[PDB]
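So this first bit is one chain, no partners, the form deposited in one PDB entry, shown in structure tokens.
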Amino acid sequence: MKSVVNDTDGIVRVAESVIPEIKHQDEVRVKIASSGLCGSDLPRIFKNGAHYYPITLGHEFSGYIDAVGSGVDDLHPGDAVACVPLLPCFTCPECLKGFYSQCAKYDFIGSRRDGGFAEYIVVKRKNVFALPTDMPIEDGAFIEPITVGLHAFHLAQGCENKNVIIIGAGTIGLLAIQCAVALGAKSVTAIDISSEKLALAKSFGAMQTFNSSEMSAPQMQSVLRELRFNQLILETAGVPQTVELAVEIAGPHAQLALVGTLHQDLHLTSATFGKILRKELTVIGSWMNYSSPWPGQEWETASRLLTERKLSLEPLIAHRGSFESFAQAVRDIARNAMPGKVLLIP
């Protein structure tokens, strides 16, 4: 079978291996139909940021059950699934509290073990999420990234009647705009460095957009005056300039949800830090996308919103291709910005 294998210093190749066998009663084998590249994969590919090399990535995928272990009774060959890539231990104090992403013994498909840029993969039953039979299988690759946004909204106790601000218009951020609209946000505003993913964001329902390469924080705050109350800001870009921007533009008692991981240090001026105090902001760390009961309401909500057509996935996709095509598309990214969702279609 074919897979995409990444090696040290940004080398990407397509490799041939034997199909993995089911080795435990609670495992399943999935034949992968659609597998997306995450923003968080780019440092793994191009900045030696993976836990090991060589490695096969991919934690955003869907497929059909190919076989099941003898202990699996609720899934059958042919069933459509999405991958639930985190595997907590379920027995540490954190896990028994429902803090699965604070488990100090978890596995992660496409990060801590090999993942979904392959024709087949064997994973635990708890690592797959059943899809509605009428849902197009390709759509299932977006479930995991949808739940990223939904988890942050969950931590903030909802976005209903809130003025939400999404910073970053990558796939995660564009999905968060669509979810915010569908979950009854009073308004949605999008902010990003380049100018018309912002047009795309307006088509998804953002009532206004700020190009941060052309507006300063004060200019943005001035426009936001009428909407300065009951704010929920999601920082999805994961660069220190946007974290700083969120604090600067925030209105009184705004909730600020951090979902983007930084790969450079954050220097905040004394003044900016002071605004966290003076505005009495609530800064909410957000990690992964899970809650009890496993894998969490986020996952059922993601599937539900898709089926009732509240979400729009096609405009997000910058590329579909099989292995050679997808590999070169990944190579073409270089250390540049993500064009849109790059999908592997085996």
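Just count from 1 along the sequence shown to find any residue number.
Comparing 123-131 with 226-234, the stretch with the higher mean C-alpha B-factor in the PDB entry is 123-131. According to the PDB record, 257-265 carries the higher mean C-alpha B-factor of the two stretches 257-265 and 177-185.
In the PDB entry, the Cα temperature factor peaks, among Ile165, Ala104, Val247, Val81, at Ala104. Comparing C-alpha B-factors across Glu144, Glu94, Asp114, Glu214 in the deposited entry, the largest value falls on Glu214. Among all modelled residues in its chain, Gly63 ranks in the middle third by Cα B-factor. When all modelled residues of the chain are sorted by CA temperature factor, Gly251 is found within the lowest third. Among the modelled residues of its chain, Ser70 has a C-alpha B-factor that falls in the highest third according to the deposited record. Ranked by C-alpha B-factor against the other modelled residues of its chain, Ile284 falls in the lowest third. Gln241 sits in the highest third of its chain by CA B factor, as recorded in the PDB entry.
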